[PDB]
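Here you get one chain, nothing else, as structure tokens; it is the form deposited in one PDB entry.
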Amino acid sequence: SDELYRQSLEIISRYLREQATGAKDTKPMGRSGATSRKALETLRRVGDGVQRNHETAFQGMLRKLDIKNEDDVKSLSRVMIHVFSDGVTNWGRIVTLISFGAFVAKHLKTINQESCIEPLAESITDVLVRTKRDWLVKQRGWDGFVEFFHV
């Protein structure tokens, strides 16, 4: 089975949902749980900071996307490919991809479209893993993510 994909989706899904609801999911993690738990803590620390440091730009892009429904949510894939995939890859940019995804998740809750949060997480994971697998594998995947941001 595609383990990198499965793990990425669990991490991204949990962060997005936690960010939108303000509550942690206490379900145990799936495979590679230890690493996934550390990746989630890393994301809470660096992801939350990113949304604040670039809050104005984040509010500007959200406005531009003018999300009101599911079709609008489905159009986000093309934008992520255009902006994230078409550029030099580094951990900072992957954190921005996921951090803005969480910013959108919060927005989805505000307009009562929470059911779109998991599909959004799946869209983000598709872009990340399916367009940057070689890079991720070379940087040791999520174990590398955790080491890179280690305090």
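Shifts are known only where both forms have a C-alpha. So that the term is clear: the rigid core is the largest set of C-alpha atoms that superpose within 1.5 Å between two forms. Heads up: residue numbers just count along the shown sequence, starting at 1.
Although not depicted, the form deposited in another entry is the subject of the following passage.
For the set 85, 123, 35, 96, which residue undergoes a C-alpha shift of 2 Å or more between the shown form and the other one, given alignment on the rigid core?
The one that shifts is 85.
Core aligned, does the CA of residue 52 move at least 2 Å between the shown form and the other one?
No, because once the rigid core is superposed, the C-alpha of residue 52 moves less than 2 Å between the shown form and the other one.
Once both forms sit on the same rigid core, is the C-alpha displacement of residue 69 at or above 2 Å between the shown form and the other one?
Residue 69 C-alpha, core-superposed: shift of 2 Å or more.
Taking the rigid core as the frame, what runs of at least 3 residues have C-alpha moves of 2 Å or more between the shown form and the other one?
Shifted segments: 67-76, 78-85.
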